[PDB]
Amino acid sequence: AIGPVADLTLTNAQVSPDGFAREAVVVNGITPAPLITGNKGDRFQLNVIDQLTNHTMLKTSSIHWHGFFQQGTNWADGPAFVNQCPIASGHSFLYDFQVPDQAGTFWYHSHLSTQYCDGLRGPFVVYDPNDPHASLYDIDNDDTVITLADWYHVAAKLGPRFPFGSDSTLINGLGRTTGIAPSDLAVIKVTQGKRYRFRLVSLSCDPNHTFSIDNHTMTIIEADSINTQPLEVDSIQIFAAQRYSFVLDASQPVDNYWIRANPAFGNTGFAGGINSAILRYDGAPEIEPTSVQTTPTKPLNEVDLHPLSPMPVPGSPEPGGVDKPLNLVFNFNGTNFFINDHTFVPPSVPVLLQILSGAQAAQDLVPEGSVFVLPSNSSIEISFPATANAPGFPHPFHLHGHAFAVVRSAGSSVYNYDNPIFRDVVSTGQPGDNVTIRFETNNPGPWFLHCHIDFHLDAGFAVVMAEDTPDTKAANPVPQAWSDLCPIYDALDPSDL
């Protein structure tokens, strides 16, 4: 790997990760983008150098560092027109943030329109030299990150507004398509007798995936950067933008075993070795697995996850037991999603800049009705009741700036106010569900809250949770370079966006 200090150069290039050549957005010459690493406490200084030349995939860009709280550096969070104006082609912009109090598996991606789907996405790991789970595994390194990515042969802006799944699923940036000539599968090497911490990261633009490894079980020790009690499972449904670490004990006979990541829809199954990669024990022949899958007997259920460290749920143990309860009503009108009867339209002036300029009340912030102003140091409860009025469910919603307690998970009618998992992306399930979260407002600034299906986000499925507006300016000093972004951006010709 690279980091915690690194240049990240954005270019357009031809890639063929599934055998099919297409133009993409790449970072330091690759997609998925390079693994960034550091250790808990590190200061990351990631200098984003925009050399993009292709307007169809957007020459402007903005990067979000998914999972990091950005406390005191809200201007670095990334969402275009919420936390910054986009960077322009031929300019650079330094993200500079510290990670005092987190460690785990993260990722980073474009947060402008659907650009991450065209390739600007990769994994990001912060190691804990005092990891409480260290004794559970031997080996944890660049070679134990596993990324999943949906890959499309037609560019995000050129295909359907809402594609029906992708052409291939890439595991560690490789995967096969339905087509006559099989391309190369990714191979993840292990030595028999060792235990691995695999760090599974969904870089998906849209579908969720069901991930399993033939003949092996997986002990989950982390979810979305939060340490968990160990939970042994044999299958994991992982939604866009989620992470898990799981320990794999390579204690099976030296062989090749299929690693499977079956998307929820699109080109499903494993015919011809699609949606697959290869776990290869050292000394197994260099051929495809012939291992066989079985029906899971212990599939992951989110209600079975619990934080390793006690993490009290904000507020009091009843529906509405908090300072500010919010129920989000989803709708859709064929082209745009809505939350409480508003589709998000990104404003000219980034929300953070509006707030720094003196707009502190919801009524004064734009887009009107999509920006919620929350009091500081308070408990918040948000429910996302699923509905057929919001197709493409289950929508995985993501809240910037925090980890939330999932007091009610999809597929469950239990409320858990005791020891629920905390995470940052949560499936909001299917009609009948009423997935409910809590968090405390301990992080002054405007934070995005949106579906992480990037096609839905781009069609307006988002609101902004602006907490502690009166202390936002003091809490989040902006660097001059950040103040320069809007004047550069607003000067661009439309053909250079």
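Throughout, we count residues from 1 along the sequence that is shown.
**Q** Using the B-factors recorded in the PDB entry, average over the C-alpha atoms of 281 to 289 and of 175 to 183, then report which stretch comes out higher.
**A** Comparing 281 to 289 with 175 to 183, the higher mean C-alpha B-factor belongs to 175 to 183.
**Q** Test of understanding: from the entry's C-alpha B-factors, which stretch has the higher mean, 312 to 320 or 88 to 96?
**A** Here the higher of the two C-alpha B-factor means belongs to 312 to 320.
**Q** Out of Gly369, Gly119, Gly266, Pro396, which residue has the highest Cα temperature factor in the PDB record?
**A** The record points to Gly369.
**Q** Highest recorded C-alpha temperature factor, please, choosing from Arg423, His216, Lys189, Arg408.
**A** Highest C-alpha B-factor among the listed residues goes to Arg408.
**Q** Which third of the chain does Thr114 land in by C-alpha B-factor: lowest, middle or highest?
**A** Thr114: CA B-factor falls in the middle third of its chain.
**Q** Which third, lowest, middle or highest, does the CA B-factor of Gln430 fall in along this chain?
**A** Ranked within chain, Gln430 CA B lands in the highest tercile.
**Q** Against its chain's modelled residues, does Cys486's Cα B factor rank lowest, middle or highest third?
**A** For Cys486, the deposited C-alpha B-factor lands in the highest third.
**Q** State the tercile, meaning the lowest, middle or highest third, of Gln102 with respect to the CA B-factors recorded for its chain.
**A** Middle third, going by the recorded CA B-factors of the chain.
**Q** If you rank every modelled residue in this chain by C-alpha B factor, which third holds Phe239: lowest, middle or highest?
**A** It belongs to the lowest third of the chain when residues are ordered by C-alpha B-factor.
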